[PDB]
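Novice: Sharing final-v8.cif here; it has mmCIF, C-alpha atoms and all ligand atoms.
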data_upload
#
loop_
_atom_site.label_atom_id
_atom_site.label_comp_id
_atom_site.auth_asym_id
_atom_site.auth_seq_id
_atom_site.Cartn_x
_atom_site.Cartn_y
_atom_site.Cartn_z
CA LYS A 15 -106.31 278.59 -164.36
CA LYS A 16 -109.81 277.15 -164.38
CA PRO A 17 -111.63 274.94 -161.84
CA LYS A 18 -112.75 271.38 -162.50
CA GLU A 19 -116.09 269.82 -163.36
CA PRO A 20 -118.18 269.37 -160.18
CA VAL A 21 -118.53 266.14 -158.25
CA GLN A 22 -121.27 263.70 -159.23
CA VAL A 23 -123.81 263.68 -156.38
CA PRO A 24 -127.06 261.62 -156.35
CA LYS A 25 -129.81 263.25 -158.38
CA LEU A 26 -132.82 264.27 -156.30
CA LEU A 27 -136.09 263.32 -157.98
CA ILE A 28 -138.82 264.37 -155.52
CA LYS A 29 -138.97 265.68 -151.95
CA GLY A 30 -142.22 265.69 -150.01
CA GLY A 31 -144.43 263.66 -147.70
CA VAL A 32 -145.65 260.08 -147.45
CA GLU A 33 -147.40 260.11 -150.86
CA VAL A 34 -143.99 260.69 -152.48
CA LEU A 35 -142.82 257.10 -151.84
CA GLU A 36 -144.95 255.68 -154.67
CA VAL A 37 -142.89 257.12 -157.55
CA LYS A 38 -142.17 254.51 -160.21
CA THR A 39 -138.37 254.66 -160.18
CA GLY A 40 -135.56 252.49 -161.48
CA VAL A 41 -133.75 249.65 -159.77
CA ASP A 42 -130.89 251.67 -158.25
CA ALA A 43 -133.15 254.19 -156.50
CA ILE A 44 -132.59 254.96 -152.83
CA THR A 45 -135.14 256.68 -150.59
CA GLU A 46 -134.71 258.39 -147.22
CA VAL A 47 -137.77 258.32 -144.97
CA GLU A 48 -137.81 260.74 -142.03
CA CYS A 49 -140.29 260.35 -139.18
CA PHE A 50 -140.77 260.61 -135.42
CA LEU A 51 -142.53 258.83 -132.57
CA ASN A 52 -144.24 260.48 -129.66
CA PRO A 53 -143.56 258.85 -126.28
CA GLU A 54 -146.62 257.32 -124.67
CA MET A 55 -145.76 258.07 -121.05
CA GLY A 56 -149.32 257.57 -119.83
CA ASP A 57 -150.59 261.15 -120.38
CA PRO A 58 -152.78 261.70 -117.28
CA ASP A 59 -154.54 264.76 -118.72
CA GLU A 60 -155.39 266.32 -122.03
CA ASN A 61 -153.62 269.33 -120.50
CA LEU A 62 -150.37 267.60 -119.49
CA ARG A 63 -149.48 265.38 -122.45
CA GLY A 64 -145.94 264.07 -122.20
CA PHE A 65 -145.65 263.22 -118.52
CA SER A 66 -147.00 260.33 -116.44
CA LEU A 67 -149.38 260.27 -113.52
CA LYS A 68 -147.82 260.64 -110.06
CA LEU A 69 -146.10 257.56 -108.65
CA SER A 70 -147.25 255.27 -105.86
CA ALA A 71 -144.65 254.52 -103.22
CA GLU A 72 -144.87 251.57 -100.85
CA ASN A 73 -147.79 249.26 -101.55
CA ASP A 74 -147.14 245.57 -100.91
CA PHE A 75 -146.22 242.91 -103.44
CA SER A 76 -149.53 241.13 -102.82
CA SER A 77 -151.40 244.46 -102.88
CA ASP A 78 -149.94 246.22 -105.92
CA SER A 79 -152.36 247.65 -108.50
CA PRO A 80 -151.00 250.39 -110.75
CA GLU A 81 -153.15 252.38 -113.15
CA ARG A 82 -152.54 252.90 -116.85
CA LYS A 83 -151.85 256.61 -116.46
CA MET A 84 -148.67 256.02 -114.43
CA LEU A 85 -147.15 253.34 -116.66
CA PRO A 86 -144.88 254.41 -119.53
CA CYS A 87 -145.44 252.23 -122.57
CA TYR A 88 -143.73 251.52 -125.88
CA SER A 89 -144.18 253.55 -129.03
CA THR A 90 -144.49 251.74 -132.34
CA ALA A 91 -145.46 252.45 -135.94
CA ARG A 92 -145.83 250.74 -139.29
CA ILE A 93 -144.70 252.71 -142.36
CA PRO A 94 -146.47 251.45 -145.52
CA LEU A 95 -144.15 251.09 -148.50
CA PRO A 96 -145.19 250.75 -152.15
CA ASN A 97 -144.94 247.50 -154.05
CA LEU A 98 -141.86 247.32 -156.26
CA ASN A 99 -142.59 244.56 -158.80
CA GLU A 100 -145.00 246.01 -161.34
CA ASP A 101 -142.74 246.69 -164.32
CA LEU A 102 -139.87 244.20 -163.97
CA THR A 103 -139.48 240.88 -165.78
CA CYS A 104 -140.73 237.45 -164.72
CA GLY A 105 -139.15 235.32 -162.01
CA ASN A 106 -137.51 238.45 -160.60
CA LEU A 107 -138.32 239.50 -157.04
CA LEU A 108 -137.12 242.62 -155.25
CA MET A 109 -137.90 244.06 -151.81
CA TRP A 110 -136.92 247.01 -149.65
CA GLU A 111 -133.91 247.05 -147.33
CA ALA A 112 -133.19 249.33 -144.39
CA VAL A 113 -129.50 250.19 -144.68
CA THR A 114 -128.91 253.02 -142.22
CA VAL A 115 -130.87 254.63 -139.41
CA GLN A 116 -129.97 258.06 -138.05
CA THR A 117 -131.79 258.66 -134.78
CA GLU A 118 -132.02 261.59 -132.38
CA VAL A 119 -134.25 262.67 -129.49
CA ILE A 120 -136.29 265.86 -129.98
CA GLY A 121 -136.75 268.33 -127.17
CA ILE A 122 -133.80 267.63 -124.92
CA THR A 123 -133.01 271.25 -124.05
CA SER A 124 -136.46 271.66 -122.48
CA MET A 125 -135.07 270.17 -119.25
CA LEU A 126 -133.46 273.59 -118.67
CA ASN A 127 -136.97 274.85 -117.79
CA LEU A 128 -136.24 275.04 -114.08
CA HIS A 129 -138.76 277.85 -113.53
CA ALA A 130 -141.70 275.48 -114.00
CA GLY A 131 -143.60 273.68 -111.25
CA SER A 132 -140.49 271.80 -110.09
CA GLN A 133 -139.32 271.30 -106.51
CA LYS A 134 -137.27 274.04 -104.89
CA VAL A 135 -133.77 272.68 -104.39
CA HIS A 136 -132.69 274.72 -101.32
CA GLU A 137 -134.08 277.67 -99.35
CA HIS A 138 -133.84 280.26 -102.14
CA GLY A 139 -133.00 278.21 -105.19
CA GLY A 140 -134.11 277.15 -108.62
CA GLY A 141 -136.23 274.20 -109.53
CA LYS A 142 -134.99 270.66 -109.24
CA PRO A 143 -134.02 269.36 -112.71
CA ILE A 144 -135.17 266.06 -114.15
CA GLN A 145 -133.06 263.16 -112.92
CA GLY A 146 -133.66 259.51 -112.23
CA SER A 147 -133.85 256.15 -113.97
CA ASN A 148 -133.97 256.92 -117.68
CA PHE A 149 -134.31 254.48 -120.59
CA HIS A 150 -133.60 255.06 -124.28
CA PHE A 151 -134.47 252.53 -126.97
CA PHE A 152 -135.18 252.29 -130.68
CA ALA A 153 -135.76 249.44 -133.13
CA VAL A 154 -135.87 249.43 -136.93
CA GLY A 155 -137.00 246.37 -138.81
CA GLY A 156 -139.11 244.82 -141.51
CA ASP A 157 -141.05 242.80 -138.93
CA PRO A 158 -142.82 243.92 -135.75
CA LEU A 159 -140.60 244.00 -132.69
CA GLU A 160 -140.88 240.70 -130.86
CA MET A 161 -140.98 241.06 -127.10
CA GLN A 162 -140.22 239.06 -123.96
CA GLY A 163 -142.14 239.39 -120.73
CA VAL A 164 -140.01 239.76 -117.61
CA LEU A 165 -141.36 241.61 -114.59
CA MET A 166 -140.69 241.66 -110.88
CA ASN A 167 -143.66 241.22 -108.51
CA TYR A 168 -145.78 238.88 -110.62
CA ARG A 169 -148.86 239.69 -108.49
CA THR A 170 -149.18 243.24 -109.82
CA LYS A 171 -152.71 243.80 -111.10
CA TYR A 172 -152.63 245.70 -114.36
CA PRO A 173 -155.62 247.58 -115.84
CA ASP A 174 -157.56 246.66 -118.97
CA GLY A 175 -155.80 249.11 -121.28
CA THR A 176 -152.37 247.51 -120.94
CA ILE A 177 -151.60 244.15 -122.55
CA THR A 178 -149.14 242.74 -119.98
CA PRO A 179 -147.92 239.11 -120.12
CA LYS A 180 -150.70 236.74 -119.17
CA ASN A 181 -150.63 233.98 -116.53
CA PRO A 182 -147.59 235.09 -114.49
CA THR A 183 -145.86 232.71 -112.12
CA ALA A 184 -142.83 233.12 -109.88
CA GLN A 185 -140.77 232.29 -112.99
CA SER A 186 -141.99 235.54 -114.56
CA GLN A 187 -139.62 237.40 -112.22
CA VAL A 188 -136.85 235.57 -114.09
CA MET A 189 -136.69 234.33 -117.71
CA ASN A 190 -139.96 232.61 -118.62
CA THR A 191 -140.31 231.28 -122.16
CA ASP A 192 -144.14 231.45 -122.14
CA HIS A 193 -144.26 235.27 -122.35
CA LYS A 194 -143.58 235.87 -126.04
CA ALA A 195 -145.46 238.67 -127.81
CA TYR A 196 -145.23 241.24 -130.58
CA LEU A 197 -145.01 245.00 -130.23
CA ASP A 198 -148.18 245.54 -132.24
CA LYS A 199 -150.13 248.27 -130.41
CA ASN A 200 -149.11 251.78 -129.40
CA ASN A 201 -149.50 252.87 -125.75
CA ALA A 202 -150.38 249.33 -124.65
CA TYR A 203 -147.27 247.33 -123.75
CA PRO A 204 -145.70 248.92 -120.64
CA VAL A 205 -141.94 249.24 -120.47
CA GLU A 206 -141.62 247.67 -117.01
CA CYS A 207 -142.99 244.34 -118.26
CA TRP A 208 -141.49 243.85 -121.72
CA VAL A 209 -137.93 243.66 -123.01
CA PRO A 210 -137.15 242.98 -126.69
CA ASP A 211 -136.64 239.25 -127.12
CA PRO A 212 -132.94 238.60 -127.81
CA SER A 213 -133.59 235.28 -129.56
CA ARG A 214 -136.37 236.16 -132.01
CA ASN A 215 -135.52 239.51 -133.64
CA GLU A 216 -133.66 238.41 -136.75
CA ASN A 217 -135.21 241.01 -139.08
CA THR A 218 -135.01 244.02 -136.75
CA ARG A 219 -132.07 245.90 -135.24
CA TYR A 220 -132.71 247.26 -131.76
CA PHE A 221 -130.46 249.49 -129.67
CA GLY A 222 -131.11 250.27 -126.04
CA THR A 223 -129.25 251.88 -123.13
CA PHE A 224 -130.42 252.79 -119.67
CA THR A 225 -128.90 254.13 -116.47
CA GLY A 226 -131.06 253.30 -113.48
CA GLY A 227 -130.42 255.35 -110.37
CA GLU A 228 -132.05 257.45 -107.71
CA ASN A 229 -130.35 260.53 -109.18
CA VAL A 230 -128.45 260.11 -112.44
CA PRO A 231 -128.23 262.84 -115.09
CA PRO A 232 -129.76 262.35 -118.51
CA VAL A 233 -126.74 262.72 -120.79
CA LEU A 234 -128.13 263.34 -124.28
CA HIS A 235 -126.16 264.09 -127.43
CA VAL A 236 -127.67 265.90 -130.41
CA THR A 237 -125.83 265.66 -133.74
CA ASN A 238 -126.79 265.33 -137.41
CA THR A 239 -123.53 263.66 -138.50
CA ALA A 240 -123.91 260.40 -136.56
CA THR A 241 -124.98 257.30 -138.46
CA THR A 242 -125.93 253.76 -137.44
CA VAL A 243 -125.39 251.00 -140.00
CA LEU A 244 -128.08 248.31 -139.95
CA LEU A 245 -126.36 245.65 -142.05
CA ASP A 246 -125.69 242.14 -140.75
CA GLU A 247 -122.73 239.80 -141.31
CA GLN A 248 -123.82 239.02 -144.87
CA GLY A 249 -124.31 242.66 -145.83
CA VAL A 250 -128.12 242.84 -145.80
CA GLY A 251 -130.26 245.00 -143.58
CA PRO A 252 -133.80 244.57 -142.35
CA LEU A 253 -135.78 243.32 -145.35
CA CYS A 254 -139.36 244.55 -145.56
CA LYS A 255 -141.17 241.22 -146.00
CA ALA A 256 -144.58 242.72 -146.16
CA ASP A 257 -144.29 246.13 -147.79
CA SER A 258 -143.95 247.75 -144.37
CA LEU A 259 -141.22 249.35 -142.26
CA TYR A 260 -141.63 248.86 -138.53
CA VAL A 261 -140.28 251.62 -136.30
CA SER A 262 -140.50 251.45 -132.52
CA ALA A 263 -138.94 253.35 -129.63
CA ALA A 264 -139.27 254.14 -125.94
CA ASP A 265 -137.55 257.17 -124.39
CA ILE A 266 -137.95 257.67 -120.65
CA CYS A 267 -135.88 260.71 -119.66
CA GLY A 268 -136.11 260.77 -115.86
CA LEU A 269 -138.42 261.82 -113.06
CA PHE A 270 -140.02 265.26 -112.92
CA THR A 271 -140.54 266.18 -109.27
CA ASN A 272 -143.53 268.42 -108.56
CA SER A 273 -143.78 271.27 -106.05
CA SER A 274 -145.21 268.97 -103.38
CA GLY A 275 -142.59 266.35 -104.26
CA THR A 276 -144.91 264.02 -106.21
CA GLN A 277 -142.69 262.47 -108.86
CA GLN A 278 -143.82 261.58 -112.37
CA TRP A 279 -142.09 260.42 -115.54
CA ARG A 280 -141.23 262.46 -118.62
CA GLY A 281 -140.46 261.31 -122.13
CA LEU A 282 -139.38 262.94 -125.38
CA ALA A 283 -140.00 262.18 -129.03
CA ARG A 284 -137.45 260.35 -131.14
CA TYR A 285 -136.41 261.21 -134.68
CA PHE A 286 -135.80 258.53 -137.31
CA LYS A 287 -134.07 258.80 -140.68
CA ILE A 288 -134.04 255.43 -142.44
CA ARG A 289 -132.09 255.02 -145.69
CA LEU A 290 -133.81 252.39 -147.83
CA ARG A 291 -132.82 250.65 -151.04
CA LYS A 292 -134.06 247.92 -153.38
CA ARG A 293 -132.61 244.51 -152.52
CA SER A 294 -132.98 241.77 -155.12
CA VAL A 295 -134.12 238.59 -153.34
CA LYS A 296 -135.33 235.13 -154.32
CA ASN A 297 -139.06 234.28 -154.43
CA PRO A 298 -139.52 231.92 -151.48
CA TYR A 299 -143.08 230.84 -152.32
CA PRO A 300 -143.83 229.49 -155.81
CA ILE A 301 -147.31 228.54 -157.03
CA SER A 302 -146.87 225.14 -155.38
CA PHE A 303 -146.91 226.92 -152.02
CA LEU A 304 -149.66 229.17 -153.34
CA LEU A 305 -152.01 226.48 -154.65
CA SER A 306 -151.57 224.53 -151.40
CA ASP A 307 -152.98 227.44 -149.39
CA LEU A 308 -156.25 227.18 -151.33
CA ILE A 309 -156.56 223.53 -150.30
CA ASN A 310 -155.70 224.77 -146.80
CA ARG A 311 -158.63 227.21 -147.03
CA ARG A 312 -161.02 224.46 -148.21
CA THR A 313 -160.13 221.39 -146.12
CA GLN A 314 -162.40 220.45 -143.22
CA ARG A 315 -160.93 221.49 -139.87
CA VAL A 316 -160.56 218.44 -137.67
CA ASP A 317 -160.23 218.79 -133.89
CA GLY A 318 -158.45 215.61 -132.92
CA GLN A 319 -155.71 214.36 -130.70
CA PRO A 320 -152.61 216.49 -130.01
CA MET A 321 -150.12 215.62 -132.75
CA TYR A 322 -147.96 218.71 -132.12
CA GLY A 323 -146.60 220.75 -129.25
CA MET A 324 -145.74 219.86 -125.67
CA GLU A 325 -148.42 217.17 -125.23
CA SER A 326 -147.66 215.60 -128.63
CA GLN A 327 -148.40 211.98 -129.46
CA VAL A 328 -145.87 211.50 -132.28
CA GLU A 329 -143.35 209.21 -130.62
CA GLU A 330 -140.57 209.20 -133.21
CA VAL A 331 -139.75 210.56 -136.66
CA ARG A 332 -137.01 209.02 -138.78
CA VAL A 333 -135.77 210.95 -141.83
CA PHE A 334 -133.72 209.21 -144.53
CA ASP A 335 -131.90 210.88 -147.42
CA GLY A 336 -129.42 208.69 -149.27
CA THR A 337 -127.40 205.50 -148.90
CA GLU A 338 -124.98 204.46 -146.19
CA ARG A 339 -122.83 201.49 -145.27
CA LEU A 340 -124.73 199.34 -142.78
CA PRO A 341 -124.22 200.73 -139.27
CA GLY A 342 -123.51 198.35 -136.44
CA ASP A 343 -125.79 200.38 -134.17
CA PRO A 344 -129.44 200.10 -135.31
CA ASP A 345 -130.47 202.78 -132.81
CA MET A 346 -127.98 205.29 -134.22
CA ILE A 347 -127.30 207.12 -130.98
CA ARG A 348 -125.47 210.43 -131.45
CA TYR A 349 -124.73 211.80 -127.99
CA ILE A 350 -121.88 209.91 -126.34
CA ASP A 351 -123.06 211.44 -123.04
CA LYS A 352 -126.38 213.26 -123.06
CA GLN A 353 -127.46 212.74 -119.46
CA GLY A 354 -124.01 213.29 -117.97
CA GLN A 355 -123.55 209.70 -116.81
CA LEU A 356 -120.09 208.07 -116.51
CA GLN A 357 -118.42 211.40 -115.75
CA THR A 358 -116.13 211.98 -112.80
CA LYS A 359 -117.51 213.66 -109.70
CA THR B 288 -122.86 254.85 -134.45
CA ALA B 289 -120.43 256.31 -137.00
CA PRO B 290 -119.71 259.68 -138.68
CA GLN B 291 -121.36 260.52 -142.01
CA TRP B 292 -118.13 261.26 -143.88
CA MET B 293 -116.89 257.63 -143.70
CA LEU B 294 -120.21 256.17 -144.91
CA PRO B 295 -119.22 255.20 -148.51
CA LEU B 296 -116.13 253.51 -147.04
CA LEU B 297 -118.18 251.32 -144.69
CA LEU B 298 -120.79 250.27 -147.25
CA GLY B 299 -118.14 249.74 -149.94
CA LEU B 300 -116.58 246.60 -148.48
CA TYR B 301 -119.66 244.51 -149.25
CA CA A 401 -132.28 233.85 -133.23
#
Please re-express this file's structure in C-alpha cells.
Specialist:
Amino acid sequence: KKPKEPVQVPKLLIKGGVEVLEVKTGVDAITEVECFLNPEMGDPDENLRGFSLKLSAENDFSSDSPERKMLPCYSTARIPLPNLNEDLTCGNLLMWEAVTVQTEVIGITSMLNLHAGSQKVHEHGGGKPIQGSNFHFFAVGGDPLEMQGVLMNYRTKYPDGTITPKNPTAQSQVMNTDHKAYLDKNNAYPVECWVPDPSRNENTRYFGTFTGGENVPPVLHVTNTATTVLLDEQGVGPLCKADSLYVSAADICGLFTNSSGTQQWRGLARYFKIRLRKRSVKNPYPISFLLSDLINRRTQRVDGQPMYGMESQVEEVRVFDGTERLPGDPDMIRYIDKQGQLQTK
Amino acid sequence: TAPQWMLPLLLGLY
C-alpha cells in the first residue's frame, strides 16, 4: 500500500538575524527570536572577563565600602520590534505578544575545568570545583523589569558606577516602599541590592531560584525540549506596549576559589527563545488623549502648593454617578470598624 | 516549565 500525505507544519518564510523581523507578513504570523545575555559579574580585568574581583571578608557594618569590580549586577536588554499597523484597516490596533520563553544557561560544563587555577582539595588532589551561593533569574516582558531595593547593612558605601537605592534607612534592611526603580541599565544595578518588585510587574514574567550556602552544588539542567508558557489567567502574554521586548537575567553560579584561597564569583550566559505573535488589542488613546498632550506641551508650568502626593492639600473628593434613595447617613461611612475600636480584647 | 510535545494542547484551551 501507499503512505499518506504529509502533516501540515508551519511554513518557514525567512531565517536570519535581527534585520529579518521587519518582513511585512500577514496577521497570523508567528516569529521566534533567539538571543543571549552575558552576565555582568564585575569583570575585574580585560583578561578575566566572566568572574568577579576577589571578595572582602570582615569589614564592619559602619566601615563597609565595596568596589564595583566585586559586585555582580543584573543583565538587561531591549529588543526592538517592527511596527505592525501599516497596511491594516482603520480603527484596528494590533501589538506583539510573548507567548513562550525557552531558556537555558550556556557554558555549564566548563565547571569541570578542575585543572585551572583552583584550590587544591587535599594533599595530592584536583582543583576545588565551583560551589557556593548561586542565583539564577530571568524575566521576559513588554516593559522594563521593575525593581525593589532591599539590602542588609544600609551603611554600605557603593561606588559611582552602581545605581543602588538612594537614601537608605534602617527600614532598607526590611521592606521599604521608597526604593522603587526600573532595570534600565546593564552592569549597573547590583544583585545584592535589588529584587524584582512583586507588586509592580504586571507586564513581565520573572522566574528566579537560588540556593544560598557555604558549599552547595550548582545543579544545572540542559535540555532543548523544555518550555515555559508566559500566558496569564486571561490567556494573554507580555504585550509589547512600545515596540520593544525586554529581556533580563542574572546568573550567579557559585564561588571560584583561587590558588591562595581568594574567592570570586562566576557567572554564565543565558539563552532565550521567545515565541511571539500578533495580538489584536483595543486602541487605548484616541485623538482626544492625543490632542490633550499638545495642550500639555504648551501650558505654562506653575510651581504652586502641593495638590498631590503625601503632603497634599486636597482635603476631600466626592464622586457622584447616578441617583439613590436619600441615605440617613450624610457622611456615608463605609467601614463598620476601620480603627479596630469596639472589638474584644 | 513543560515539554514541547504537549504545547498545542496547553495553548489550545484558550
Ligand atoms: Ca500588581
Novice: Residues of chain B within 9 Å of chain A: nearest atom pair and distance (Å, one decimal) for each, counting all atoms listed in the file, sorted by chain and number, as a tab-separated table?
Specialist:
residue	atom	partner	partner_atom	distance
B:288	CA	A:242	CA	4.4
B:289	CA	A:241	CA	4.9
B:290	CA	A:240	CA	4.8
B:291	CA	A:239	CA	5.2
B:292	CA	A:239	CA	8.0
B:294	CA	A:241	CA	8.1
B:297	CA	A:243	CA	8.6
B:298	CA	A:249	CA	8.5
B:301	CA	A:249	CA	6.1
Novice: Go ahead and save the picked residues with C-alpha atoms, as a short mmCIF file (atom, residue, chain, number, x, y, z; two decimals), keeping the file's coordinate frame.
Specialist:
data_model
loop_
_atom_site.label_atom_id
_atom_site.label_comp_id
_atom_site.auth_asym_id
_atom_site.auth_seq_id
_atom_site.Cartn_x
_atom_site.Cartn_y
_atom_site.Cartn_z
CA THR B 288 -122.86 254.85 -134.45
CA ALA B 289 -120.43 256.31 -137.00
CA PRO B 290 -119.71 259.68 -138.68
CA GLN B 291 -121.36 260.52 -142.01
CA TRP B 292 -118.13 261.26 -143.88
CA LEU B 294 -120.21 256.17 -144.91
CA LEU B 297 -118.18 251.32 -144.69
CA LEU B 298 -120.79 250.27 -147.25
CA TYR B 301 -119.66 244.51 -149.25
#
Novice: List all protein, DNA and RNA residues that have any atom at most 6 Å from ligand CA 401 (chain A), counting all atoms listed in the file, and write the list as a PyMOL selection string.
Specialist: chain A and resi 213-214+216
Novice: Return as lines of an AutoDock Vina configuration file the box centre and box size in Å, one decimal, for an axis-aligned box around all listed atoms of stretch 335-353 of chain A padded by 8 Å per side.
Specialist:
center_x = -126.9
center_y = 205.8
center_z = -134.4
size_x = 26.0
size_y = 30.9
size_z = 45.8
Novice: For residue A:79, please output as a PDB file with C-alpha atoms, in the coordinates of the input all residues within 7 Å (counting all atoms listed in the file; exclusion window: fewer than 3 positions along the same chain).
Specialist:
ATOM      1  CA  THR A 170    -149.180 243.240-109.820  1.00  0.00           C
ATOM      2  CA  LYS A 171    -152.710 243.800-111.100  1.00  0.00           C
ATOM      3  CA  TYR A 172    -152.630 245.700-114.360  1.00  0.00           C
TER       4      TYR A 172
END
Novice: Write out as a PDB file with C-alpha atoms, in the frame of the given file each polymer residue whose atoms come within 6 Å of residue A:293, counting only C-alpha atoms; drop sequence neighbours fewer than 2 positions from it.
Specialist:
ATOM      1  CA  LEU A 108    -137.120 242.620-155.250  1.00  0.00           C
ATOM      2  CA  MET A 109    -137.900 244.060-151.810  1.00  0.00           C
ATOM      3  CA  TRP A 110    -136.920 247.010-149.650  1.00  0.00           C
ATOM      4  CA  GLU A 111    -133.910 247.050-147.330  1.00  0.00           C
TER       5      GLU A 111
END
Novice: So the first atom is atom CA of residue A:296 and the second is atom CA of residue A:153; what is the distance between them in Å, to one decimal place?
Specialist: 25.6 Å
Novice: Mind pulling up the distance from atom CA of residue A:102 to atom CA of residue A:301?
Specialist: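 These atoms are spaced 18.7 Å apart.
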Novice: Would you list the contacts of residue A:67 as a PyMOL selection string, taking every protein, DNA or RNA residue within 8 Å and counting all atoms listed in the file, but skipping same-chain residues closer than 2 positions in sequence?
Specialist: chain A and resi 56-58+65+69+83-85+278-279
Novice: For the selection you just gave me, I'd like the residues written to a file as a CSV table (one decimal), in the frame of the given file, keeping C-alpha atoms.
Specialist:
chain,number,residue,atom,x,y,z
A,56,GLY,CA,-149.3,257.6,-119.8
A,57,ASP,CA,-150.6,261.2,-120.4
A,58,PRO,CA,-152.8,261.7,-117.3
A,65,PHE,CA,-145.6,263.2,-118.5
A,69,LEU,CA,-146.1,257.6,-108.6
A,83,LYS,CA,-151.8,256.6,-116.5
A,84,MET,CA,-148.7,256.0,-114.4
A,85,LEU,CA,-147.2,253.3,-116.7
A,278,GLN,CA,-143.8,261.6,-112.4
A,279,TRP,CA,-142.1,260.4,-115.5
Novice: What is the atom CA of residue A:138 to atom CA of residue A:274 distance in Å?
Specialist: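 Answer for the atom CA of residue A:138 to atom CA of residue A:274 separation: 16.1 Å.
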Novice: When you count all atoms listed in the file, which of these residues is closest to residue A:86: A:45, A:66, A:123, A:145?
Specialist: A:66
Novice: Once you count all atoms listed in the file, what closest atom pair and distance in Å to one decimal does each residue of stretch 203-239 of chain A within 12 Å of stretch 180-192 of chain A have, with rows by chain and rising residue number, as a tab-separated table?
Specialist:
residue	atom	partner	partner_atom	distance
A:206	CA	A:187	CA	11.5
A:207	CA	A:186	CA	9.6
A:208	CA	A:186	CA	11.0
A:209	CA	A:189	CA	10.8
A:211	CA	A:191	CA	10.1
A:212	CA	A:189	CA	11.6
A:213	CA	A:191	CA	10.8
A:214	CA	A:191	CA	11.7
Novice: Show me, as a list in words, the residues that have an atom within 12 Å of residue A:134 when counting only C-alpha atoms, minus same-chain residues fewer than 2 positions from it.
Specialist: residues 128, 129, 130, 131, 132, 136, 137, 138, 139, 140, 141, 142, 143, 271, 272, 273, 274 and 275 of chain A
Novice: Take the residues from that selection and put them in a file with C-alpha atoms, as a short mmCIF file (atom, residue, chain, number, x, y, z; two decimals), in the frame of the given file.
Specialist:
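What ended up in out-v3.cif:
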data_model
loop_
_atom_site.label_atom_id
_atom_site.label_comp_id
_atom_site.auth_asym_id
_atom_site.auth_seq_id
_atom_site.Cartn_x
_atom_site.Cartn_y
_atom_site.Cartn_z
CA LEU A 128 -136.24 275.04 -114.08
CA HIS A 129 -138.76 277.85 -113.53
CA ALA A 130 -141.70 275.48 -114.00
CA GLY A 131 -143.60 273.68 -111.25
CA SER A 132 -140.49 271.80 -110.09
CA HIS A 136 -132.69 274.72 -101.32
CA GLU A 137 -134.08 277.67 -99.35
CA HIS A 138 -133.84 280.26 -102.14
CA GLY A 139 -133.00 278.21 -105.19
CA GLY A 140 -134.11 277.15 -108.62
CA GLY A 141 -136.23 274.20 -109.53
CA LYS A 142 -134.99 270.66 -109.24
CA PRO A 143 -134.02 269.36 -112.71
CA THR A 271 -140.54 266.18 -109.27
CA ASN A 272 -143.53 268.42 -108.56
CA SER A 273 -143.78 271.27 -106.05
CA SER A 274 -145.21 268.97 -103.38
CA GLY A 275 -142.59 266.35 -104.26
#
Novice: Which residues come within 12 Å of stretch 346-351 of chain A, counting all atoms listed in the file, excluding same-chain residues fewer than 6 positions away, as an mmCIF file with C-alpha atoms, in the frame of the given file?
Specialist:
data_model
loop_
_atom_site.group_PDB
_atom_site.id
_atom_site.type_symbol
_atom_site.label_atom_id
_atom_site.label_comp_id
_atom_site.auth_asym_id
_atom_site.auth_seq_id
_atom_site.Cartn_x
_atom_site.Cartn_y
_atom_site.Cartn_z
ATOM 1 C CA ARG A 332 -137.010 209.020 -138.780
ATOM 2 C CA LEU A 340 -124.730 199.340 -142.780
ATOM 3 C CA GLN A 357 -118.420 211.400 -115.750
#
Novice: Kindly complete stretch 293-300 of chain B to N, CA, C and O atoms; the output should be written as a PDB file, in the frame of the given file.
Specialist:
ATOM      1  N   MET B 293    -117.485 258.931-143.408  1.00  0.00           N
ATOM      2  CA  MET B 293    -116.890 257.630-143.700  1.00  0.00           C
ATOM      3  C   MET B 293    -117.915 256.611-144.176  1.00  0.00           C
ATOM      4  O   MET B 293    -117.611 255.416-144.226  1.00  0.00           O
ATOM      5  N   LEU B 294    -119.108 257.055-144.538  1.00  0.00           N
ATOM      6  CA  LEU B 294    -120.210 256.170-144.910  1.00  0.00           C
ATOM      7  C   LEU B 294    -120.049 255.454-146.261  1.00  0.00           C
ATOM      8  O   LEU B 294    -120.484 254.299-146.352  1.00  0.00           O
ATOM      9  N   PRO B 295    -119.483 256.045-147.335  1.00  0.00           N
ATOM     10  CA  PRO B 295    -119.220 255.200-148.510  1.00  0.00           C
ATOM     11  C   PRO B 295    -118.087 254.201-148.308  1.00  0.00           C
ATOM     12  O   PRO B 295    -118.011 253.200-149.030  1.00  0.00           O
ATOM     13  N   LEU B 296    -117.207 254.451-147.337  1.00  0.00           N
ATOM     14  CA  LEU B 296    -116.130 253.510-147.040  1.00  0.00           C
ATOM     15  C   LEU B 296    -116.672 252.269-146.340  1.00  0.00           C
ATOM     16  O   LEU B 296    -116.216 251.149-146.597  1.00  0.00           O
ATOM     17  N   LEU B 297    -117.647 252.450-145.447  1.00  0.00           N
ATOM     18  CA  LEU B 297    -118.180 251.320-144.690  1.00  0.00           C
ATOM     19  C   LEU B 297    -119.068 250.439-145.548  1.00  0.00           C
ATOM     20  O   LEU B 297    -119.012 249.209-145.456  1.00  0.00           O
ATOM     21  N   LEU B 298    -119.901 251.050-146.397  1.00  0.00           N
ATOM     22  CA  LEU B 298    -120.790 250.270-147.250  1.00  0.00           C
ATOM     23  C   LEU B 298    -120.041 249.641-148.425  1.00  0.00           C
ATOM     24  O   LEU B 298    -120.541 248.694-149.042  1.00  0.00           O
ATOM     25  N   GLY B 299    -118.859 250.156-148.753  1.00  0.00           N
ATOM     26  CA  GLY B 299    -118.140 249.740-149.940  1.00  0.00           C
ATOM     27  C   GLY B 299    -117.492 248.372-149.867  1.00  0.00           C
ATOM     28  O   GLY B 299    -117.162 247.781-150.901  1.00  0.00           O
ATOM     29  N   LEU B 300    -117.308 247.852-148.652  1.00  0.00           N
ATOM     30  CA  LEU B 300    -116.580 246.600-148.480  1.00  0.00           C
ATOM     31  C   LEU B 300    -117.450 245.386-148.795  1.00  0.00           C
ATOM     32  O   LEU B 300    -116.958 244.254-148.860  1.00  0.00           O
TER      33      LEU B 300
END
